Each structure stands twice: as C-alpha cells, then as structure tokens.
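First up is the structure itself, then whatever we jot down about it.
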Amino acid sequence: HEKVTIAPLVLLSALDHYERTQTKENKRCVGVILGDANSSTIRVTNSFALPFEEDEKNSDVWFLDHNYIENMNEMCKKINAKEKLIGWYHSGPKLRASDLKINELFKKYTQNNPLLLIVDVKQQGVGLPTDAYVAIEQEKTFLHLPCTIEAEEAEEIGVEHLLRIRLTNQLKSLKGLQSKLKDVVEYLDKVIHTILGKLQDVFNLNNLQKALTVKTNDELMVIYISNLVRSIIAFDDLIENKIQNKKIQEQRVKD
Amino acid sequence: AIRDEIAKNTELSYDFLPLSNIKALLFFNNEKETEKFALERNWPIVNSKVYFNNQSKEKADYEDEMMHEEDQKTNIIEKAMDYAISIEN
Amino acid sequence: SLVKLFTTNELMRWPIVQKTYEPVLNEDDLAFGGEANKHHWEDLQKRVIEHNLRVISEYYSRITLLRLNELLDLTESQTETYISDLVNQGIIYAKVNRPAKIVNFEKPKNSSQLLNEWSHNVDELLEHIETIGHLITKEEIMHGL
Amino acid sequence: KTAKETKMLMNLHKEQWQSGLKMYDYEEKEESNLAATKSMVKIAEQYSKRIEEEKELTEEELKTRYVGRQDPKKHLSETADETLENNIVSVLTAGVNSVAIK
Amino acid sequence: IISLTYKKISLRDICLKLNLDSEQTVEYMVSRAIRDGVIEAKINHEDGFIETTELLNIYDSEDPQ
Amino acid sequence: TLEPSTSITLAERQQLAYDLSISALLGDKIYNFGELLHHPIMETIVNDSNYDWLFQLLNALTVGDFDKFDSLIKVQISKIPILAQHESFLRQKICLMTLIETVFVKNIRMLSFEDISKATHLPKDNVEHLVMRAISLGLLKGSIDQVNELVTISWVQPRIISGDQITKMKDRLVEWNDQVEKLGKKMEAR
C-alpha cells in the first residue's frame with residue numbers, strides 16, 4: 001500500500017472551516033490539498049477550500065466549480081512550483097452520491113490517485129479527526145492507510161510556542177475493548193459476512209500453554225534483576241543525605 | 001487425641017493405606033477395629049486399601065485474596081508491582 | 001513428479017516407480033559410466049533417504065522410533081545411521097533417545113521465548129483497527145447510497 | 001487560541017506524536033516492539049551494570065581523587081527508568097489478557 | 001540429618017544409627033515432622049523405605065517470587 | 001458476488017453453475033460448497049439433472065456416505081481417487097473451524113484424533129499420514145501432538161458463516177469487557 005503524512009497545519013485549519021460559518025448538518029464543506037503524490041508516502045504541505053453547495057434531502061444535487069481551482073493554481077505557480085494537486089477533502093463522516101461523484105472531477109488535474117480525506121467536524125472519539133483513504137476498484141473500495149503526522153523543522157517549533165505513562169494507555173485501552181463489542185452487535189442488525197470472516201481469522205492468532213508458564217516467570221525474574229538495581233538505587237538513596245547529614249553536625253561546631 | 005495425631009500423617013500426604021498392616025501399626029487386637037477407626041475419621045473404604053479423596057480443600061465460607069485465589073490473584077501481583085512505583089514517585 | 005516426490009516420500013512406492021518406468025533410472029546405457037547396473041540402485045536409494053529425513057523434520061515434531069522405521073524404510077540400526085550422518089555434515093538436526101526410543105525435533109530454546117516468538121501476535125492487535133476503520137466507512141456507503 | 005485550536009494541537013504536536021492509536025500506543029511499543037527494543041534482556045541487564053561499574057568503581061571515598069562528585073547519582077536516575085520500564089511491561093505482560101482463568 | 005544424606009532409606013536402618021526403640025516408634029516421629037512441612041518427605045509402607053519428596057528445581061516456580 | 005456485472009439469462013446460470021460444480025470436486029481451495037450457498041448461485045439453479053452436485057456434497061460432509069454422491073454421478077469423475085481424498089478434508093475442515101471459539105470458552109485450542117476419525121470416515125493409523133499430506137500441499141499450516149493425540153493448528157481461512165459462530169465470538173468480547181470491570185477498575189483507581 002501507500003502512506004499518508006499530513007502536516008498539523010492542514011488538520012488544524014480544516015476544523016476551523018466548520019465553526020466560522022456555523023454550518024449545520026445539511027451542508028458539508030469540500031476543499032483541496034497540495035503536495036507530492038509521486039512517492040509512496042503522501043505528504044500534504046498545503047490546503048484550501050471550495051465554494052461547494054449540496055442538498056441534504058437530495059443526494060443528486062451538488063455544485064462544484066473547477067474554474068476557481070485554475071485561477072488558484074496560477075497563483076501558486078508564482079509562489080511554490082513544487083505544489084500540485086494530490087487530492088481533496090470533504091467534511092462529515094457520511095459518504096453519499098454527491099461525495100463519491102466529485103472525486104472524478106479532481107482526477108483531471110491530478111495525475112496520481114487523488115487522496116480521500118473524511119473530516120470529522122465534531123471531533124467525537126479517539127484521535128485523528130480526518131482519516132486518510134484511497135480509492136481503488138476490484139464498485140469503489142475505500143481502504144484505510146497509515147496516518148502519520150510529520151512536519152518541517154520550522155513548523156514543529158512554532159507549534160510548541162502555541163502550547164507553551166502506564167495509566168495513560170490503560171484509560172484508552174478500556175474504552176477500546178468496549179467499542180469493539182458494539183461494532184459486532186451493530187453490524188449484526190445491519191445484516192438482518194465479509195467483516196466477520198476477517199475478524200475470525202484475526203482472533204485465531206491452554207493446551208500447549210501447560211509448559212509455557214515457566215517462560216512467563218523467567219521474564220519476570222529478569223525484571224526482578226532490575227528490581228535489585230532498584231534496591232541498589234534505594235541503597236544509593238540512603239547514601240545521598242548522609243553526606244548532608246554529617247555536614248549538619250559539622251555546622252554545629254562552626255555556628 | 002494422641003491416636004488421632006498418630007494417624008494424621010497418613011491422611012493429608014500418604015495416599016493409600018493398607019488393611020492388615022494398620023492393625024499392627026496402631027496396635028489393634030481385631031481386624032475390624034481398623035474400619036471402625038476410619039468411620040470416625042470419615043475415610044473411604046475399598047478392598048484391602050483406604051484412599052484419601054480430601055486432598056483438595058474447598059468451601060469454608062468465602063476467601064478473598066488469600067491462599068492462591070483465581071481472579072484476585074492477578075490483582076495481588078499487580079498491587080505488589082504498583083507499590084514500588086508509588087514509592088518511587 | 002520425481003522432483004516434487006521429495007515433498008511427500010514414504011518410500012512405499014519408490015521401488016514400484018523405478019521398476020515400472022526406468023528410462024534413465026534402473027537401466028541407463030547413455031551418459032552413465034559403470035561396469036553393471038548395481039550403481040543405479042545404490043546411488044538412487046542413498047539420495048532419496050537424505051531428502052526423506054529433511055521433510056519429516058518439518059512435519060512430525062515428535063514421533064516414536066518404532067513407527068519411524070516403517071516410514072523411512074529403515075531398520076533399527078539403519079535409522080540412527082542416516083540421522084547421525086546428516087547432523088555431522090550440517091544438514092538437519094533432531095532428537096534421538098536410545099533408551100526411550102523416542103525421536104523428537106529438538107526445538108531450539110535460543111529464540112528468547114517471549115522476546116521473539118511472542119512478537120508474531122503483532123498482526124492480531126494491528127488488524128483490529130483496520131477492520132473497524134473499513135467497517136465504519138463501508139456502513140456509511142450503503143446507508144447513504 | 002480557541003477551544004478547537006487547543007485540543008487539535010495537543011493531539012498533533014506537543015512533545016512527540018504517538019497518537020492515531022490511543023490503546024495501541026504503549027501496547028504496541030512496549031510489547032510487540034521487544035524484538036527491536038528489549039530483545040536479549042539478559043544482555044540489557046548487563047548494560048545497567050556497566051553504567052554502575054563506570055561510576056561506583058571510580059570514587060568510593062566521597063571526595064576528589066578520581067574527579068567525581070555525583071557519580072552515585074549518575075547511574076541512579078539512568079537505571080531508575082530501566083527498572084521503571086521493566087515494571088511497566090511487567091504489568092502489561094499480565095495486561096495482555098490471554099483469557100486463561102482455569 | 002539422616003533424611004538429607006539418604007533419599008531412600010529402609011525403616012530398619014534408622015534404628016541402627018540412633019539406637020532407637022523399635023521401627024514402630026521411629027515411624028511416628030517422622031509423622032510430627034512433615035505436618036508443618038519440616039522434612040518434606042513421604043513414608044511408603046508397602047515399598048518399605050522413606051523417600052524424600054524434594055526434587056529441587058523450584059527456581060521456575062512462583063514461590064521464590 | 002457481483003450484482004451489476006455479468007448479466008445473463010436464467011438458462012445460462014445453470015451452465016455457469018455446471019462449471020462451478022466440477023471445480024469444487026477435486027480441490028478444497030477457497031472455502032467449500034457452502035460458499036456458493038450465500039451467493040446467488042446455488043439458489044438460482046435446479047436440483048436435478050446432475051446440477052445437485054453442489055448440494056449433495058454439502059450435506060455429505062456430516063453424513064459421511066460416499067455412495068449417495070456416487071450414485072448421482074457418472075464413471076468419468078468417480079474413477080479418480082482425488083475426489084475422495086480432498087472430500088475428507090472438508091469433513092475435518094468443519095472440525096478445524098471449531099478450534100477458535102466453539103465449545104470451550106477458556107480459549108483452549110484442542111482437537112483430538114477421535115473427533116476427526118468418525119467425521120472424515122478414516123481409520124486411526126491414517127490420521128498421521130493425513131496431516132502430512134495437508135501441510136505438504138499447502139492446504140493448512142500447523143503442528144500436531146503425537147503423544148497425547150491432539151491437534152493445534154495455525155492461520156486458516158474461516159468462512160463467512162454466522163449464528164453460533166458470531167454468538168461465541170461476541171461472548172469472548174464480553175470477557176474482554178468484563179475484565180474492564182475487573183482489572184481496569186483497579187488500575188484506574190490506583
């Protein structure tokens with residue numbers, strides 16, 4: 001497969017488009033991104049917006065103008081020549097007729113496969129409000145690609161100025177196991193087979209574990225070797241203040 | 001009380017007790033006295049042998065986090081590892 | 001089929017195939033030197049036994065020596081002869097217990113237990129979110145269309 | 001900064017970005033990565049000794065001879081996380097939840 | 001002392017060492033021993049010797065932990 | 001599975017299933033006869049005129065009678081032993097699908113030689129030789145226990161089947177959620 005690397009500026013500016021106009025659930029904004037799609041790792045260095053109109057009650061009603069992209073691309077040619085159209089993004093989790101058809105309009109100005117991005121304006125749940133998907137056919141099949149956040153040197157330093165272990169993972173691990181139970185129950189009501197066949201093979205990975213218990217305590221015993229170091233650390237913690245404690249009685253004679 | 005403590009060695013450890021030999025060990029004048037002693041001790045009786053099925057103890061009200069529990073045993077291991085973390089922090 | 005015979009060879013039909021079709025096998029007068037046909041049975045039987053013990057180690061991990069002699073077409077003395085030759089030449093490795101008469105695979109303990117062998121479970125935890133990410137997208141396509 | 005700008009930057013760039021999988025952050029890195037990290041842990045424990053041997057063996061007199069001062073505290077904080085990380089994976093070892101029970 | 005030196009020892013061999021009373025007497029002194037887990041052995045009457053039940057190899061168990 | 005493509009009449013659907021009937025005879029790959037049951041193939045054809053070969057061998061796995069399918073076929077396909085060799089795999093493959101979650105809720109994978117001997121209509125001595133031929137041909141991966149006579153397999157191709165299968169798989173996730181109320185509540189408070 002491929003990889004997608006999105007700068008934090010694109011994901012930060014995409015969510016702002018929802019709050020400024022107070023968009024309701026009947027309208028969904030669409031925008032474009034820039035970068036280099038030639039390599040296997042998709043990098044997004046830029047993003048824009050488009051005056052996209054859509055009807056909620058009718059999935060056959062959509063409006064997209066490609067002339068605004070032509071005038072915008074000519075402006076970028078005088079700014080950055082390495083920026084080309086690698087795809088587009090839309091708002092909202094739902095995929096309807098208006099969202100699937102407009103993907104072909106951007107294929108005219110994009111040589112490679114346009115990157116598909118589903119932006120969550122409510123940022124509800126887990127991380128990564130915008131998932132990176134790729135369009136491929138065997139019916140269009142949208143597959144999930146690994147999402148990594150990497151920026152340049154100057155971009156990562158500027159973010160730190162804006163904001164200026166074990167228990168953390170367990171808090172999110174408890175909600176993840178409960179969410180997987182609902183995904184099976186909700187999928188059952190939709191049928192009354194493809195996902196269930198894959199989950200059964202993944203879940204396949206004490207009959208042979210009768211003799212495999214010894215290796216568990218063997219690793220715990222090696223961890224206890226570090227606990228002996230912790231005892232040595234505790235022994236060294238006992239040496240530290242004795243340097244100061246003996247200097248206390250030395251100051252009693254001086255004072 | 002003495003004769004009980006004498007026979008308690010073959011109870012919780014030694015498995016299958018003989019028949020005619022127990023007569024000479026505990027100083028029995030009759031062979032039937034061996035089975036009579038097993039009635040008050042509540043022991044199973046088979047041919048020329050006496051077994052012990054009580055090696056596994058259970059019930060006895062309720063027990064939590066003591067003497068090799070099942071679900072609470074994992075917590076005891078997790079609690080012991082968290083004591084060194086709270087002291088270090 | 002003789003090349004693929006090395007995958008499954010019980011040596012039950014090995015003398016049958018050689019006696020039925022023998023173009024180059026039992027009687028070969030072309031591109032083979034020798035004073036007689038005795039070199040055809042000796043050279044061919046010794047090689048197929050070497051390829052036999054290679055695949056059996058990858059299939060049967062633990063097998064009784066009594067039942068092993070029937071699968072390898074060997075006797076009690078001939079079984080340990082070909083096993084010790086492959087180990088000394090650096091071919092394969094196995095476990096041979098003379099008093100117990102049990103032949104095992106002798107699984108190596110150098111894999112550091114949970115440090116390596118357990119890492120094969122990374123595909124179990126990784127594919128969970130991949131199926132969820134594909135399911136949420138798939139449910140919205142059929143619901144909206 | 002606004003409310004949307006506050007939560008977005010913390011999920012993208014704060015210290016280092018581990019996000020995108022919240023439950024798989026310390027689960028994948030501290031367990032499935034042992035082959036590239038803690039593999040041959042018996043040798044890894046010898047590295048904790050070489051750090052202590054580099055310090056404790058030098059100045060035992062608590063003065064200036066071999067030119068050292070904080071030598072007992074140099075390997076103290078460095079080996080504290082090694083024991084801590086070994087104690088974290090120890091809890092996550094039982095946290096795999098193999099579904100054993102009886 | 002005699003149990004650690006001899007894993008399997010006959011019942012009559014102990015009375016010849018300490019000059020005890022009878023084999024019936026020495027059998028019941030081992031009784032009071034392993035009740036609290038002191039000697040950790042077993043008395044086989046049919047075989048006629050006392051065998052030590054300790055196999056060592058306790059490093060792999062959880063008791064040292 | 002494709003609805004929009006391959007538009008043909010009803011008479012051509014029977015001839016299309018005729019090639020699908022002879023394709024699943026001599027090989028076990030890609031699930032079994034039960035896969036075409038969910039797809040609009042077996043339900044769209046007729047149960048006579050030798051078009052029932054998909055239906056006959058579907059229930060013949062649990063029954064274990066070869067003479068029922070032999071009487072409905074000709075001498076051409078019945079003279080090859082490969083038909084009877086690969087048919088016994090699907091009889092065991094149904095039992096192989098029980099090694100994830102079926103009976104035991106403790107996540108213990110155990111398969112003995114006696115359960116696969118009566119289901120596949122094969123003797124006990126040929127059980128060891130059957131496993132060797134399965135791994136060698138790339139049909140399945142794993143190992144077997146020759147001491148206690150047990151089988152522990154490796155990654156396989158579980159079918160799209162549902163009901164009792166999804167019922168046991170959702171109960172395991174409950175155990176994952178029950179441990180949230182057991183191990184999770186203790187670590188959260190500490």
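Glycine also receives a Cβ, built like all others from the backbone with ideal geometry; neighbour counts cover every protein chain displayed. Just so you know, all these numbers are worked out from the coordinates, no wet-lab data involved.
Quick look at the numbers
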quantity	calculated
GluC sites (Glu not before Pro) within the range C:6-57, DSSP loop, no more than 16 other Cβ atoms inside 10 Å	C:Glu10, C:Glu27, C:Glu35
Helical contribution to [θ] at 222 nm, DSSP H n ≥ 4, -39,500 (n - 2.57), averaged over the protein assembly as shown, rounded to 500	-14500 deg cm²/dmol
Karplus 3J(HN,Hα) series, Hz, for the range B:12-19 with 6.51 cos²θ - 1.76 cosθ + 1.60 (x for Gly, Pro)	7, 10, 5, 8, 9, 8, x, 10
Environment charge at E:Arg12 (Cβ cut-off 13 Å; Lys +1, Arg +1, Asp -1, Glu -1)	-3
Cα-based helix-to-principal-axis angle, F:10-23 vs chain F, degrees rounded to 10	70
Under 16 Å from the Cα of A:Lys175 - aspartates and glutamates, other chains or at least 8 residues apart	A:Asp183, D:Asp25, D:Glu27, F:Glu175, F:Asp178, F:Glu181, F:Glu188
Sequence-distant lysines (8 or more away, or on other chains) whose Cα lies within less than 28 Å of A:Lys78	A:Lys107, A:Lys108
Inter-chain Cβ neighbour average for residues F:182-189, partner chain, 10 Å	6
Averaged over C:115-121, number of beta-carbon atoms from partner chains that fall within 10 Å	6
Around C:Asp85: net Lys/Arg minus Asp/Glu count, Cβ-Cβ under 15 Å	+1
Candidates per trypsin sites (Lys or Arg not before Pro) in the range F:65-171, loop by DSSP, up to 15 other Cβ within 10 Å	F:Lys74, F:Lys79, F:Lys106, F:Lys124, F:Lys141
Förster radius 45 Å - calculated FRET efficiency between F:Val174 and E:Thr53 (Cβ-Cβ, nearest 0.05)	0.55
Least to most buried among F:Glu101, F:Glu128, B:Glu5, B:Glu40 (fewest other Cβ within 10 Å first)	B:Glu40, B:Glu5, F:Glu128, F:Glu101
Ranked list, fewest to most other Cβ atoms within 10 Å of each Cβ, for D:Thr64, D:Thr83, A:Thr45	D:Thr64, A:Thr45, D:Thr83
C-alpha center-to-center spacing [the range C:13-28, the range D:1-27] in angstrom	72
Exposure rule at most 16 other beta-carbon atoms within 10 Å, DSSP loop chymotrypsin sites (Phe, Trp or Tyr not before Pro): chain D longest free segment	D:18-65
Likely footprinting exposure, B:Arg41, F:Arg172, fewest C-beta neighbours within 10 Å first	B:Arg41, F:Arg172
Order by protection proxy (mean Cβ within 10 Å, highest first), peptides A:100-108, F:50-58, C:92-100	F:50-58, A:100-108, C:92-100
Integer Hz, Karplus 6.51/-1.76/1.60 couplings in order for the range A:229-238, x for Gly and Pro	5, 4, 5, 5, 4, 5, 5, 6, 5, 6
Amide proton proximity set for A:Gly35, modelled H, under 5 Å, gap of 5+	A:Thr45, A:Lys84, A:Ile86
Links that overshoot a 31 Å alpha carbon limit, given the list C:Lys38/F:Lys141; C:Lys95/F:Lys118; C:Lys109/F:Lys106; D:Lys73/F:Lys185; B:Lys59/C:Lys109; C:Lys107/F:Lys182	C:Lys38/F:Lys141; C:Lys95/F:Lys118; D:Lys73/F:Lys185; B:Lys59/C:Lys109; C:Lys107/F:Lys182
Inter-label distance for D:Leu57 and A:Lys57, nm, one decimal - labels placed 7 Å from Cα along Cα-to-Cβ	8.4
Between helix C:38-57 and chain C: long-axis angle, C-alpha atoms, 0 to 90°, nearest 10	20
Residue mean of other protein chain beta carbons inside 10 Å, A:139-146	4
Subset of A:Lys172/D:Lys7; B:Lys57/B:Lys79; C:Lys101/F:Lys124; A:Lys190/D:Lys29 violating a 24 Å alpha-carbon distance limit	B:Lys57/B:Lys79; A:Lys190/D:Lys29
11 Å reach of a label modelled at C:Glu22, 7 Å along Cα-to-Cβ, counting backbone N of the range C:41-57	C:41
Qualifying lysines (Cα of each under 18 Å from Cα of A:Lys247; at least 8 residues distant if same chain)	D:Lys63
A:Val4 long-range amide H proximity, modeled H, under 5 Å	A:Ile42, A:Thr148
³J(HN,Hα) computed for each position of the range B:38-44 - Karplus, 6.51 cos²θ - 1.76 cosθ + 1.60, integer Hz, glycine/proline x	6, 5, 6, 8, 6, 10, x
Most mobile listed residue (C:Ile83, C:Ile16, C:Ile102) in chain C, GNM with C-alpha springs under 10 Å	C:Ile16
Coil-residue GluC sites (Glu not before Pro) of the range D:3-51, DSSP, other Cβ within 10 Å capped at 16	D:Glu15
Under 10 Å, Cβ to Cβ, from F:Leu139 - net charge with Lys/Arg +1 and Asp/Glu -1	+3
